[PDB]
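Trainee:
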Amino acid sequence: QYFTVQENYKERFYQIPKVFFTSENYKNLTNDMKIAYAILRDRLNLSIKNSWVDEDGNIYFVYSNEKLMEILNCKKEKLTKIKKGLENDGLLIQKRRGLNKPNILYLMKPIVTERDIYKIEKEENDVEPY
Amino acid sequence: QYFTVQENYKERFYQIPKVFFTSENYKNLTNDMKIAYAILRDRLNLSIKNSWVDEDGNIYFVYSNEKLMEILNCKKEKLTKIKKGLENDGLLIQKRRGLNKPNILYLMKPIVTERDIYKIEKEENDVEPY
Amino acid sequence: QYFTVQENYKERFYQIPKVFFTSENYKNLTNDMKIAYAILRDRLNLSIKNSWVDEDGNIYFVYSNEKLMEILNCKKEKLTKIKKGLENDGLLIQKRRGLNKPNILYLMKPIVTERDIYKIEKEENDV
Amino acid sequence: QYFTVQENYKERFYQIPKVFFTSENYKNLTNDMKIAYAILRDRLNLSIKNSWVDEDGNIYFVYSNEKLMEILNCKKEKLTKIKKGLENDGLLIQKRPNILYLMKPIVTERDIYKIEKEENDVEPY
DNA sequence: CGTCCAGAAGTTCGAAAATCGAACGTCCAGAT
DNA sequence: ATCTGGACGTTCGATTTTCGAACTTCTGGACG
């Protein structure tokens with residue numbers, strides 16, 4: 004049948020790494036942060052559009068905390084709790100710059116352990132016989 | 004340039020439609036509902052390996068609130084709130100299997116509107132000015 | 004490890020529906036025809052930007068025989084051979100526009116039968 | 004608006020990486036090789052199932068020319084040629105039962121530029 | 001017209017935790 | 001090294017809402 008745009012945007016999502024649900028490492032990470040990490044993972048594209056790619060070829064965020072409270076839509080302490088909880092797992096790294104130069108942010112890929120794969124094995128092969 | 008199996012399961016996500024954060028008809032959903040929708044909306048594949056398909060070829064769930072209390076990782080009261088929220092916003096519809104049988108559930112696709120394909124687009128094309 | 008702009012574009016490909024290799028219908032399709040559909044498909048998310056959206060949601064192309072031979076990287080003799088291949092399977096429809104206006108192109112989603120489904124499900128399991 | 008099995012199995016495809024059409028390193032590949040590559044890529048999900056995973060985490064292939072011929076749906080000759088074209092472009096290797109390793113494509117600084125300038129390729133009004 | 005019963009929904013209240021304001025602590029250049 | 005600007009973050013209770021456990025209410029439809 005036809006390719007409808009009405010349906011096109013039904014097929015656009017916010018990726019959330021399954022491993023955020025199997026590794027005790029990412030356990031301590033709440034849902035408000037999980038969603039956040041997804042919205043950032045989405046902006047990953049947008050930044051390439053702004054040519055935010057260092058010499059070694061890495062996609063970063065020159066976003067001011069103001070913008071983030073609009074991207075992730077929340078308050079001051081909220082944003083913080085997220086970045087701290089995130090930064091305490093290897094999901095996000097940041098380096099200050101002082102003055103008026105907005106903070107540099109580097110989102111990262113999570114780590115998969117062989118224990119994780121076994122777990123996600125069930126979250127997909129959990130057929131009938133329990 | 005190998006295909007690391009670590010990379011593979013690191014590329015597995017719980018897709019959450021972006022129109023969820025745009026349409027006011029979906030603003031109701033909580034960050035624990037949106038994610039719940041995802042987990043189940045991904046379980047559709049399991050539903051097929053089980054033959055949970057009817058005549059019109061529609062794919063449904065036959066999960067007891069017990070299983071649902073695991074898949075979403077919560078308790079009745081929470082699981083209830085989740086279900087009633089999804090259902091209230093016409094995102095999931097169950098058929099009240101009486102007797103002693105569990106509950107048959109029909110997950111849904113979202114309804115993307117005009118101000119949705121617009122609001123979502125404005126972000127994907129947020130190329131900083133040059 | 005960071006997100007590398009290299010890996011991102013390394014993971015941008017063209018999609019060819021698995022049904023093309025299972026449905027006895029789509030057995031007439033040539034490899035060039037399959038790939039053709041694959042690329043044209045990707046030009047969809049791009050045809051949204053050109054606002055070539057139908058008032059029903061349908062998405063069409065306004066690509067001249069030149070921009071096509073350009074996209075599909077081929078001659079004018081090979082192009083039509085493809086169009087009339089993806090035409091005889093309902094994968095691609097055509098409607099004119101007159102003299103000098105490049106005819107419209109609506110791309111059709113493939114068709115699947117119960118015989119297709121089984122074939123696919125089998126092809127995703129082995130000993 | 005339900006979730007139908009038609010739509011579900013209608014949206015499962017093979018993946019042929021764009022860089023194959025842009026980069027010069029890979030320009031030397033007949034379409035019969037591109038698609039063949041795509042199928043092998045889609046074979047990975049099974050490789051894991053077969054437990055064909057290497058200690059370093061790499062996914063390999065333990066197929067015979069006999070079996071491979073069935074997968075790609077090609078003859079003895081077409082195989083060696085498709086397997087030689089993919090091998091010379093660093094997208095496949097072997098350890099001459106017959107063992108094979110699939111490789112990801114190499115992207116160059118201009119590749120990004122070309123791909124980027126093609127998927128963002130719109131036209132002014 | 002009831003006799004069945006397990007799984008689903010919907011109550012009551014203490015315990016747990018997210019939200020927020022607003023002041024305090026901190027960091028980073030670069031000019032002193 | 002030492003001020004210092006503006007932007008990042010932090011510690012802290014009190015107001016507000018969420019969450020949990022065991023109990024209770026309710027929902028089917030063939031069969032006596």
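Chains as they are written, first to last, in the deposited numbering: chain A, 4 to 133; chain B, 4 to 133; chain H, 4 to 130; chain C, 4 to 99, 105 to 133.
Think of the CB as a built atom: it goes at the ideal place given N, C-alpha and C, for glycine as much as any other residue.
If you count every other CB in all the chains shown that lies within 10 Å of the CB of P132 of chain C, and 16 or more means buried, which is it?
Mentor: exposed
Trainee: Would you mind sorting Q9 of chain B into buried or exposed? The rule is 16 or more other CB atoms within 10 Å of its CB.
Mentor: buried
Trainee: Would you mind sorting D129 of chain H into buried or exposed? The rule is 16 or more other CB atoms within 10 Å of its CB.
Mentor: exposed
Trainee: Check for me: the beta strand (DSSP E) holding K98 of chain H runs from which residue to which?
Mentor: 95-98
Trainee: Which one of C:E124, C:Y66, C:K78 has the shortest CA to CA distance from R99 of chain C?
Mentor: C:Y66
Trainee: When you compare the CB of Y29 of chain A with every CB in chain B, is at least one pair closer than 7 Å?
Mentor: No, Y29 of chain A does not count as interfacial toward chain B.
Trainee: By alpha-carbon positions, which one of B:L110, B:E124, B:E126 ends up nearest to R44 of chain B?
Mentor: With distances taken between CA atoms, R44 of chain B lies nearest to B:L110 out of B:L110, B:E124, B:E126.
Trainee: To test your reading of the DSSP string, which unbroken beta strand (DSSP E) runs of 3 or more residues are found completely within the segment 75-116 of chain B?
Mentor: 95-98, 107-110
Trainee: Considering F24 of chain C, what are the terminal residues of the alpha helix (DSSP H) in which it resides?
Mentor: For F24 of chain C, the enclosing alpha helix (DSSP H) has its first and last residue at 22-25.
Trainee: For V8 of chain B, which of helix, strand or coil comes out of DSSP?
Mentor: DSSP places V8 of chain B in helix when its eight states are reduced to three.
Trainee: Since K122 of chain H and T33 of chain H should fall inside the 8 Å C-beta cutoff, what is the C-beta to C-beta distance between them, to a whole number of angstroms?
Mentor: About 20 Å separates the two Cβ atoms, so there is no contact after all.
Trainee: Along chain B, which residues have their Cβ under 7 Å away from the Cβ of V56 of chain C?
Mentor: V8
Trainee: Please decide whether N128 of chain H counts as near chain A, where near means a Cβ-Cβ distance under 7 Å.
Mentor: Proximity of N128 of chain H to chain A, defined by a Cβ-Cβ separation below 7 Å, is not satisfied.
Trainee: Ordered along the chain, which non-local residues of its own chain (more than five positions away) have a Cβ less than 8 Å from that of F23 of chain H?
Mentor: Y29, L32, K37, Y40, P113
Trainee: How about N103 of chain H: is its C-beta nearer than 7 Å to some C-beta of chain C?
Mentor: Using a CB distance cut-off of 7 Å, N103 of chain H does not count as an interface residue toward chain C.
Trainee: Starting from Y63 of chain C and walking both ways along the beta strand (DSSP E), at which residues does that stretch end?
Mentor: 63-65
Trainee: Starting from the C-beta of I51 of chain B, find all residues in its chain whose C-beta is less than 8 Å away, skip the five residues before and the five after it, and write them out in chain order.
Mentor: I62
Trainee: Give me the Cα-Cα distance between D35 of chain H and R15 of chain H, rounded to the nearest whole angstrom.
Mentor: 20 Å
Trainee: Can you tell me which of the three DSSP states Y133 of chain C falls into?
Mentor: coil
Trainee: Can you grab the Cα-Cα spacing for the pair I85 of chain A / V115 of chain B, in whole Å?
Mentor: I85 of chain A and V115 of chain B have their C-alpha atoms roughly 29 Å apart.
Trainee: Does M111 of chain C come within less than 7 Å of chain B when only Cβ atoms are used?
Mentor: yes
Trainee: Quick one: does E73 of chain B have its CB under 7 Å from some CB of chain A?
Mentor: no
Trainee: Alpha carbon to alpha carbon, how far is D92 of chain A from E27 of chain A?
Mentor: Here the alpha carbon of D92 of chain A sits roughly 11 Å from the alpha carbon of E27 of chain A.
Trainee: Grab the span of the alpha helix (DSSP H) containing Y40 of chain H for me, first residue to last.
Mentor: 34-45
Trainee: Do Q97 of chain B and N103 of chain B have their C-beta atoms within less than 7 Å of each other?
Mentor: no
Trainee: From the DSSP output, which residues share a beta bridge with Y17 of chain C?
Mentor: H:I19
Trainee: Against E131 of chain C, what residues of chain H qualify as contacts under a CB-to-CB distance less than 7 Å, listed in chain order?
Mentor: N53
Trainee: Consider the Cβ of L49 of chain B: report whether some Cβ of chain A lies at a distance smaller than 7 Å.
Mentor: yes
Trainee: Taking only beta-carbon atoms, is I123 of chain B less than 7 Å away from chain C?
Mentor: no
Trainee: Looking only at its own chain, which residues have a Cβ that is under 6 Å from the Cβ of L47 of chain B, when we skip the five neighbours before and after it?
Mentor: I62
Trainee: With a 10 Å radius around its C-beta and 16 neighbouring C-beta atoms as the bar for buried, classify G101 of chain H as buried or exposed.
Mentor: exposed
Trainee: Alpha carbons only, please: which of C:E126, C:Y17, C:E124, C:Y5 is nearest the one belonging to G60 of chain B?
Mentor: Ranking the options by Cα distance to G60 of chain B, first place goes to C:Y5.
Trainee: I want to see whether chain B comes within less than 7 Å of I38 of chain A, judged by CB atoms only; does it?
Mentor: yes
Trainee: Please state if the CB of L95 of chain C and the CB of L89 of chain C are separated by a distance shorter than 7 Å.
Mentor: yes
Trainee: What do you reckon, are the CB atoms on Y17 of chain H and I120 of chain C nearer than 7 Å?
Mentor: Judged by beta-carbon spacing, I120 of chain C lies beyond the 7 Å limit of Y17 of chain H, meaning their Cβ atoms are not closer than that value.
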